[PDB]
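Trainee: Compact mmCIF, C-alpha atoms, file final.txt:
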# COMPACT_ATOMS: atom_id res chain seq x y z
CA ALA A 1 0.00 0.00 0.00
CA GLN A 2 1.05 3.65 -0.19
CA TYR A 3 0.16 4.51 3.40
CA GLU A 4 1.30 1.85 5.81
CA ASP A 5 0.98 1.44 9.53
CA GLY A 6 4.45 2.00 10.97
CA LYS A 7 5.42 4.14 7.99
CA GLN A 8 3.71 7.57 7.84
CA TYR A 9 1.85 6.77 11.02
CA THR A 10 1.55 4.32 13.88
CA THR A 11 -1.59 2.91 15.44
CA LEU A 12 -2.41 3.19 19.11
CA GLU A 13 -2.47 -0.17 20.82
CA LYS A 14 -5.19 1.26 22.99
CA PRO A 15 -7.41 3.78 21.14
CA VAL A 16 -8.72 6.83 22.98
CA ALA A 17 -12.53 7.18 22.81
CA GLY A 18 -14.17 10.60 22.48
CA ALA A 19 -10.80 12.16 21.60
CA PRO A 20 -10.62 15.38 19.53
CA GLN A 21 -10.66 14.67 15.78
CA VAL A 22 -7.24 16.20 15.11
CA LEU A 23 -5.16 16.59 18.29
CA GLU A 24 -1.71 18.20 18.27
CA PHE A 25 0.72 18.37 21.21
CA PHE A 26 3.63 20.83 21.49
CA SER A 27 5.96 22.61 23.92
CA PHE A 28 7.50 26.08 23.59
CA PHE A 29 10.75 24.35 24.69
CA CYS A 30 10.45 21.81 21.85
CA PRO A 31 12.82 22.65 18.95
CA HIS A 32 11.02 20.79 16.15
CA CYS A 33 7.83 22.43 17.47
CA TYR A 34 9.45 25.77 16.72
CA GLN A 35 10.10 24.66 13.16
CA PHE A 36 6.54 23.26 12.92
CA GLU A 37 5.15 26.64 13.80
CA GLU A 38 7.52 29.19 12.26
CA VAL A 39 9.10 27.44 9.29
CA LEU A 40 6.61 24.72 8.26
CA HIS A 41 3.21 26.04 9.38
CA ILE A 42 2.07 22.40 9.87
CA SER A 43 -1.12 23.20 11.75
CA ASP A 44 -2.17 25.63 9.11
CA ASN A 45 -1.41 23.38 6.15
CA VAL A 46 -3.19 20.45 7.77
CA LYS A 47 -6.31 22.60 8.25
CA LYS A 48 -6.25 23.60 4.57
CA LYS A 49 -6.51 19.94 3.47
CA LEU A 50 -8.84 18.75 6.20
CA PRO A 51 -12.50 18.01 5.30
CA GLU A 52 -14.99 20.30 6.88
CA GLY A 53 -16.91 19.42 9.93
CA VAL A 54 -13.43 18.98 11.40
CA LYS A 55 -12.15 20.62 14.58
CA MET A 56 -8.43 21.02 15.23
CA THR A 57 -7.12 21.04 18.80
CA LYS A 58 -3.67 22.08 20.01
CA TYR A 59 -2.36 21.44 23.53
CA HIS A 60 0.82 22.32 25.42
CA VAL A 61 2.67 19.74 27.57
CA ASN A 62 4.43 19.79 30.97
CA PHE A 63 7.33 17.39 30.51
CA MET A 64 9.77 19.92 29.05
CA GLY A 65 11.29 22.87 30.89
CA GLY A 66 10.36 21.96 34.45
CA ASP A 67 8.66 24.73 36.41
CA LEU A 68 8.48 27.08 33.43
CA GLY A 69 7.05 24.23 31.37
CA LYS A 70 4.02 24.06 33.67
CA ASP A 71 3.65 27.88 33.61
CA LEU A 72 3.65 27.69 29.83
CA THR A 73 0.84 25.10 29.90
CA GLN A 74 -1.26 27.38 32.13
CA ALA A 75 -0.48 30.35 29.81
CA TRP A 76 -1.57 28.34 26.83
CA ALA A 77 -4.83 27.64 28.73
CA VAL A 78 -5.10 31.45 29.05
CA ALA A 79 -4.44 31.89 25.35
CA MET A 80 -7.20 29.38 24.46
CA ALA A 81 -9.80 30.86 26.83
CA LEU A 82 -9.17 34.39 25.53
CA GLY A 83 -8.79 33.16 21.96
CA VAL A 84 -5.43 34.84 21.48
CA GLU A 85 -3.40 31.80 20.36
CA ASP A 86 -2.47 33.44 17.11
CA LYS A 87 -1.02 36.54 18.79
CA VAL A 88 1.18 34.86 21.37
CA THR A 89 2.47 31.66 19.74
CA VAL A 90 5.33 33.23 17.84
CA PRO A 91 6.61 35.61 20.64
CA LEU A 92 6.36 32.75 23.15
CA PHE A 93 8.44 30.51 20.89
CA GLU A 94 11.03 33.22 20.21
CA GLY A 95 11.09 34.33 23.85
CA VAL A 96 11.82 30.77 24.98
CA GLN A 97 14.19 29.50 22.23
CA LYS A 98 15.54 32.45 20.18
CA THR A 99 16.10 35.46 22.45
CA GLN A 100 15.76 33.53 25.73
CA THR A 101 13.98 36.42 27.42
CA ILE A 102 11.38 34.19 29.04
CA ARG A 103 12.61 32.88 32.38
CA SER A 104 9.62 33.35 34.69
CA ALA A 105 5.83 33.49 34.71
CA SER A 106 6.15 37.28 34.75
CA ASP A 107 8.10 37.21 31.49
CA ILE A 108 5.37 35.04 29.90
CA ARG A 109 2.86 37.59 31.13
CA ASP A 110 4.89 40.39 29.40
CA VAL A 111 4.45 38.66 26.05
CA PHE A 112 0.66 38.77 26.41
CA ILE A 113 0.76 42.47 27.56
CA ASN A 114 2.85 43.38 24.54
CA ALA A 115 0.41 41.49 22.32
CA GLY A 116 -2.28 43.76 23.74
CA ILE A 117 -4.14 41.64 26.25
CA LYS A 118 -4.77 43.80 29.32
CA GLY A 119 -3.09 43.13 32.66
CA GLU A 120 -6.36 42.77 34.57
CA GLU A 121 -7.70 40.47 31.88
CA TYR A 122 -4.63 38.27 31.77
CA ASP A 123 -4.41 37.93 35.57
CA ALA A 124 -8.12 37.21 35.94
CA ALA A 125 -7.95 34.51 33.24
CA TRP A 126 -4.69 33.17 34.74
CA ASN A 127 -6.46 32.66 38.08
CA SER A 128 -9.82 31.47 36.74
CA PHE A 129 -11.21 27.94 37.29
CA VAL A 130 -12.05 27.98 33.58
CA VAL A 131 -8.30 28.01 32.98
CA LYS A 132 -7.84 25.36 35.70
CA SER A 133 -10.13 22.87 33.88
CA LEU A 134 -8.55 23.92 30.58
CA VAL A 135 -5.17 22.95 32.08
CA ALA A 136 -6.69 19.65 33.28
CA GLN A 137 -7.88 18.96 29.72
CA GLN A 138 -4.39 19.42 28.29
CA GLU A 139 -2.96 17.09 30.90
CA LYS A 140 -5.74 14.49 30.56
CA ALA A 141 -5.43 14.41 26.77
CA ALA A 142 -1.67 13.90 27.00
CA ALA A 143 -2.07 11.31 29.74
CA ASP A 144 -4.65 9.45 27.60
CA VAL A 145 -2.27 8.87 24.69
CA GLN A 146 1.04 7.75 26.37
CA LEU A 147 2.75 11.03 25.47
CA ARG A 148 6.52 11.28 26.04
CA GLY A 149 7.52 13.24 22.95
CA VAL A 150 6.54 16.33 21.00
CA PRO A 151 5.63 17.50 18.39
CA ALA A 152 2.86 14.89 18.16
CA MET A 153 -0.37 14.68 16.27
CA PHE A 154 -3.21 12.20 16.85
CA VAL A 155 -6.19 11.54 14.59
CA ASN A 156 -9.49 10.34 16.18
CA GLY A 157 -7.62 8.94 19.17
CA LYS A 158 -6.47 6.01 17.05
CA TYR A 159 -3.61 7.11 14.78
CA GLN A 160 -0.39 8.96 15.45
CA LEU A 161 1.61 10.82 12.79
CA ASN A 162 5.12 9.53 12.18
CA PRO A 163 7.15 12.36 10.60
CA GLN A 164 10.39 10.30 10.76
CA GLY A 165 8.94 8.15 7.95
CA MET A 166 8.50 10.98 5.41
CA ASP A 167 11.04 12.82 3.18
CA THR A 168 13.01 15.78 4.63
CA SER A 169 15.02 16.73 1.54
CA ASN A 170 12.39 19.33 0.86
CA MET A 171 10.46 21.16 3.56
CA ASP A 172 7.52 21.88 1.27
CA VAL A 173 7.29 18.24 0.16
CA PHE A 174 7.55 17.17 3.80
CA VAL A 175 4.64 19.41 4.80
CA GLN A 176 2.25 18.22 2.07
CA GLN A 177 3.11 14.62 2.82
CA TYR A 178 2.35 15.28 6.46
CA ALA A 179 -0.96 17.01 5.71
CA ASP A 180 -2.05 14.46 3.08
CA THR A 181 -1.38 11.80 5.69
CA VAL A 182 -3.61 13.61 8.16
CA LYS A 183 -6.33 13.86 5.49
CA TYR A 184 -5.94 10.17 4.62
CA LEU A 185 -6.23 9.13 8.29
CA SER A 186 -9.12 11.52 8.70
CA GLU A 187 -11.21 9.72 6.04
CA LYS A 188 -10.20 6.30 7.31
Take the structure I supplied and represent it as structure tokens, if you would.
Mentor:
Amino acid sequence: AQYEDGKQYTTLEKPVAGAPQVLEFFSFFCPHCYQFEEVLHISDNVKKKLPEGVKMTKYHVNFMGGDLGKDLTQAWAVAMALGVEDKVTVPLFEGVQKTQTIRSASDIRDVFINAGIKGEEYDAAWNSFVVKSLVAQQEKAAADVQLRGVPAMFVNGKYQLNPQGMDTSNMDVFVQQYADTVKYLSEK
């Protein structure tokens, strides 16, 4: 066949019921995740080929960057609740990996302030039990799928993308292969 279990994807031994249709996991400390966002625009190119009726979900993880890693997961919960993912993703990535100007929760907060979310609004969100359950969701979803590495994408709680089994000679060819695989698994 052209798409083969263990080639462009692997199958979960124990499938996750009720899981988001397309579920992506990342960390702002994760170097390929940086590429995925800034250079490859994976999430965006997947969306473009996805059917419609399809929701895409993106969650942050705790297992990189210790204390700051957990702060970043709570901040991403803030970003989702306020719907400002698309204004903070890049400066969070660059603040963590490029300029290294993010070293505390207060520095994460600065990124949001600069992106125009108001202090009062950020701190209220930060402390809200809507963000608490949003953090729980990120953790539960990761816990559900055995997650020990990022970037990671899961389709219908049954299939997991395997980017190691695609070409990397050409970034553009890599991206379409990745997205076409998501589409293929989607229809499966």
Trainee: Rank A:166, A:56, A:171, A:64 by their smallest atom-to-atom distance to residue 8 in chain A, using all atoms listed in the file, and report the top residue only.
Mentor: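 Comparing A:166, A:56, A:171, A:64 against residue 8 in chain A, the winner is A:166.
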Trainee: To box range 10-18 of chain A, take all atoms listed in the file, fit an axis-aligned box, add 8 Å on each side, and give centre and edge lengths in Å to one decimal, as AutoDock Vina command-line options.
Mentor:
--center_x -6.3 --center_y 5.2 --center_z 18.4 --size_x 31.7 --size_y 26.8 --size_z 25.1
Trainee: Leaving out residue 152 in chain A and any residue of its chain fewer than 4 positions from it, which residues lie within 12 Å of it when counting all atoms listed in the file, given as a PyMOL selection string?
Mentor: chain A and resi 9-10+22-27+30+32-33+36+42-43+57-61+141-142+145-148+159-164+178+182
Trainee: Identify, on the basis of only C-alpha atoms, every residue whose closest approach to residue 81 in chain A does not exceed 12 Å; exclude the query and any residue fewer than 6 positions from it along the same chain; express the result as a ChimeraX atom specification.
Mentor: /A:74-75,121-122,124-135
Trainee: Excluding same-chain residues fewer than 4 positions from range 87-102 of chain A, what lies within 12 Å of it counting all atoms listed in the file, as an NGL selection string?
Mentor: :A and (26-39 or 41 or 58-60 or 64-65 or 68-69 or 71-73 or 75-80 or 82-83 or 106-117)
Trainee: Suppose you want the space between CA of residue 188 in chain A and CA of residue 165 in chain A; what is it in Å?
Mentor: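 Separation of CA of residue 188 in chain A and CA of residue 165 in chain A: 19.2 Å.
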Trainee: For a quick check of understanding, using only C-alpha atoms, which of A:179, A:185, A:17, A:12 has the smallest distance to residue 47 in chain A?
Mentor: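 That would be A:179, the residue with the smallest distance to residue 47 in chain A.
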Trainee: Please, what distance in Å, to one decimal, runs between CA of residue 19 in chain A and CA of residue 181 in chain A?
Mentor: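 CA of residue 181 in chain A lies 18.5 Å from CA of residue 19 in chain A.
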Trainee: Counting all atoms listed in the file, figure out which residue out of A:155, A:1, A:177, A:184 gets nearest to residue 18 in chain A.
Mentor: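 The answer is A:155, which sits nearest to residue 18 in chain A.
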Trainee: To one decimal in Å, tell me the separation between CA of residue 4 in chain A and CA of residue 176 in chain A.
Mentor: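 That distance, rounded to one decimal, is 16.8 Å.
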Trainee: Between A:21, A:137, A:144, A:169, single out the one closest to residue 50 in chain A, counting all atoms listed in the file.
Mentor: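 Counting all atoms listed in the file, the residue closest to residue 50 in chain A is A:21.
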Trainee: With only C-alpha atoms as the atoms that count, which of A:156, A:170, A:2, A:138 lies nearest to residue 15 in chain A?
Mentor: A:156
Trainee: From the list A:14, A:20, A:151, A:5, which residue is nearest residue 55 in chain A when using all atoms listed in the file?
Mentor: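 For residue 55 in chain A, the nearest of the candidates is A:20.
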